[PDB]
Structure formats: C-alpha cells, structure tokens
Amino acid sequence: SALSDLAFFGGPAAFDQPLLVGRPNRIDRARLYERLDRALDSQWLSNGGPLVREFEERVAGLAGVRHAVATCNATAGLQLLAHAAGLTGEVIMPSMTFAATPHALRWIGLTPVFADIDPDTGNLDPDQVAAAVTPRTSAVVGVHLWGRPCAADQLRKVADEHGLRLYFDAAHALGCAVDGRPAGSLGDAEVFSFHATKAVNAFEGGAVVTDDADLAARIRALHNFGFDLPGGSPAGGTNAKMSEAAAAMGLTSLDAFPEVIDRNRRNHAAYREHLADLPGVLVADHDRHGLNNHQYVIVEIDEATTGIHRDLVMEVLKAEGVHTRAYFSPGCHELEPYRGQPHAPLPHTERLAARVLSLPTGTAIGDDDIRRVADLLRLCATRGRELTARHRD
C-alpha cells in the first residue's frame, strides 16, 4: 500500500520543506527599509502621515473609486463603515464567508442576517435576499468570495426595492473585476484587507473605499476618536488608525502585486493541469466570474465520487507537511454565537462549505511544490475509499 508510506499512516513524511497556505509573499526588503528610515527620520510614525496617504491613493485607484481610508485591519474597517452609515438592526449577508463578516458587526451590536449563495458562483443570491428583509433591516453586505465579484446590479436592485444600503466585504477582492468594473467600485462602499496572509499585505491593515466623499469624511473622523466631525456620532468614535510602518510595508507590497498575480495565475494553471481528469476533485474556476487575483487556490472534494471527505484529505496532507485550509467551513451560521439560532434555509452554503479546500500558493510556491501537492491529492482521490477504510480502523 502506497498508503503506508503515508506519514499519516505512520510512514515517513516525503519532504522536509513545509508548504503553507497563507504564506506571506516575499518583498523587496530594501524598499521597505528606506520607507521605514524615511518615517523614522521625519519622526512622523502614525496619525495620517505621508505613507498612509500614499497608500490610500494607490488603494483607491485600484478600487476605481475616489476615496480610501487606511485602517489597522479590515474588520475595523467594517465597523467604521457601519457606524459612519448609521446602520441599525439587521444586516443581510452570506453565511458563506470568514467569521469576521458577521462578527465585525455583531461586535458593535448589529444583527447579522444570513441568506444562501448562488451555487454557481458561491456568492450571495440576490433572489434570496428579499425574503430575508424585515422592518429591522438596514443593509445588505455581500462578500466577493475568493475575489469573485457578487451580482451587485441584481443585489443593488433588491436593495433598492427595500430601501437598504449596499456594501461589500472585499477582503479577498483586491485587483479583481467584473465586466471590466473593479471590485471596490460596486457597492455604496467596500472594505479591503491587507493582512499578512493576503496577496498584498501591510502586516495588519485594511481600507474602506468609496466614491461618497461625505461618507468618506465620516469614516475618517470616526477612525480618529470622532475628531473633526461636525455633530459627532452616537457611536462616539474609535482608534482604527494605520501607522506609517504598516503603510511602508503596504506600499512595498503593492509594488510586488503585479508579479504576485502572475505567479498566482501560473500556479493556478499548474494545479489545473496537474489535477486534470480526477473524478470528484475540481479546481474552482474563478475566471468564469471576472478577473481574479488568484490569491486563493480552491478545489472541491466530492465525497461520494472519491469515497473520502475533504476533512480527511486535509489531515492527510497536513501530515505530509502541506498545510491547507477550508476556506470556508462551516458557514458562519454555524459558529458562535449564531450557532443554533433560527436561520433561513442555507443548503447551498452548507454543501459548498463541506467540499472546499484551499491549497498553498503565492510566490513561495513553484511547479515542484505544485506537483507534490497535486500528486498527494490525486492519491487521496483515487484511493479515498481504502484510505478512509484504513483510517476507520
């Protein structure tokens, strides 16, 4: 049995070099330090300095909008948006997303309201929205899943119908577009993320982008103790400021972006090719949905076809030093404190959540690495039944 050579089965782990989904993409150290030197020299370290402003600029350009406010992280970005907009009560959003989408709002007292995805896209289904609306609904927050843009036009249409605002969690969408429109320019306002793990990172950081100047001014003021906000806000304000240092990392990362995308695309094609003709394993075709950054390599594992559940596949690879993640599983509607509360039906969400597996990518991964993983996946898929059986023992 080739299964016994499986470290998972107590065999020897095939390789010494660990592969990790999320590995930050390398940068030009020299460029970063200059940037840091310059800020240290000026003694201007935070509170709206020149690096942040520069970043905000590039960021907004990329979104195809006029304004951007740089933040400490995207989650805080969601909170400012909500507060700045005076959102109240319920917010309709997919359950198929990272915990931060609902939690960000729940943290500041809002009520996430979960609606199903369009199984063909993985994004919030506009046709499921209306049924979720109530006297308490203030808005709709869609998620460009894996960078695929939502059906904003349709979503917008429903929104309108119920006198609701329309925003997007564009955490994964930097550099993505649909029908030539870039993500960040589709909602009333959108939130980007610059976490260490994204295509573009600033250690920790985010940005709220919008074409709405007034809205933009409120967010800016609220992110700075509510200072300089005529009339203030019932929320008061907070600290969600991006320091010059993060902006330094942020700009240097934006610099590498073009090449990161390229590698991402290449890595993607590579996986596609290495996993070709493998029943029950499918490489997610992000391209079908518009221009994608390819920061996420996702496959769906069909347990019926393969005879092995995604989870087990995960474990098997982890044992081999290949760290994958299930982005996302389960749906947020199954996480605390949502877990067990009444929710609209979410069969599409639940089904996808159980099949998804994210594989290592970015500048840290090359062909050889790819093959090693594809090969491991191919083994699992073609010998699932026996692998599961042997595990079952």
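Residues carry their position along the shown sequence, with the first being 1.
Mean C-alpha B-factor higher for 194 to 202, or for 127 to 135? For C-alpha atoms only, the mean B-factor is higher in 127 to 135.
Per the PDB record, is the mean Cα temperature factor higher over 332 to 340 or over 35 to 43? Comparing averages over the C-alpha atoms only gives 35 to 43.
Just grab whichever of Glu244, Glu315, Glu300, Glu90 has the top CA B-factor as deposited. Answer, based on the entry's C-alpha B-factors: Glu315.
Per the coordinate record, which of the options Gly321, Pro102, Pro279, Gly77 holds the highest CA temperature factor? If I rank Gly321, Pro102, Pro279, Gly77 by C-alpha B-factor, first place goes to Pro279.
Report the third (lowest, middle or highest) to which the CA temperature factor of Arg272 belongs, ranking only the modelled residues of the same chain. Middle third of the chain for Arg272's C-alpha B-factor.
Comparing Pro345 with the other modelled residues of its chain, is its CA B-factor in the lowest, middle or highest third? According to the entry, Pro345 has a C-alpha B-factor in the chain's highest third.
Please place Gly362 in the lowest, middle or highest third of its chain by C-alpha B factor as given in the entry. Lowest third.
What third of its chain's C-alpha B-factors does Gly22 belong to: lowest, middle or highest? According to the entry, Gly22 has a C-alpha B-factor in the chain's lowest third.
Should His162 be placed in the lowest, middle or highest third of its chain by the C-alpha B factor in the entry? Its C-alpha B-factor, which the entry lists for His162, ranks in the highest third among residues of this chain.
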